[PDB]
Amino acid sequence: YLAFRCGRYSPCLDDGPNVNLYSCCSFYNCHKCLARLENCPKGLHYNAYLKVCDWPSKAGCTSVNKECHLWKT
């Protein structure tokens, strides 16, 4: 049924904050056919387990994209 077809802007099935599988500083914010990422302060990683942020040594960054320093949020 493909309920997304929006690309990285719809990696979820509903709406809300979710764990990113690629970026490491900006997590995935699911919003309709749009997934706005959110980079933490001081190049921090988002704690998908708490919908918050935290160093990359505690937030466990396992996203395919470890080098989040590739663009500007």
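Residues numbered from 1 in each chain as written, not as in the entry; some residues may be left out. Heavy atoms only, no water.

**Notes on the UniProt feature "domain: Chitin-binding type-2" (unreviewed entry) in the protein chain**
Then, number 1: Residues annotated by UniProt as "domain: Chitin-binding type-2" (unreviewed entry) correspond here to residues 9-63.
Then, number 2: Helix makes up 0% of residues 9-63 and strand 38%. Its end C-alpha atoms lie 16 Å apart. (UniProt positions renumbered as here; feature names shortened; annotations may be inferred. Helix = DSSP H or I, 4+ residues; strand = E, 2+ residues; numbered from the N terminus.)

**Here we look at the sheet that holds strand β1 (residues 16-18)**
Then, number 1: With antiparallel pairing, three strands are arranged side by side in an open sheet as β1-β2-β3. Whereas interior strands pair on both sides, the edge strands pair on one side only; in this sheet they are β1 and β3 (34-39). The average undirected angle you get between the axes of adjacent strands in this sheet is 30°. (Pairing = 2+ DSSP bridges. Axes fitted to C-alpha atoms, helices over the stretch in contact; angles between N-to-C directions.)

**Some words on the pairing of strand β2 (residues 26-31)**
Then, number 1: Note: β1 against β2, three bridges, orientation antiparallel. Counted as the bridge partner of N18 is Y28 from β2.
Then, number 2: Bridge count between β2 and β3: six bridges; the pairing is antiparallel. Paired with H31 across the two strands is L34, which belongs to β3.
Then, number 3: What sits between the antiparallel neighbours β2 and β3 is a turn of two residues, in which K32 has the positive phi angle 50°.

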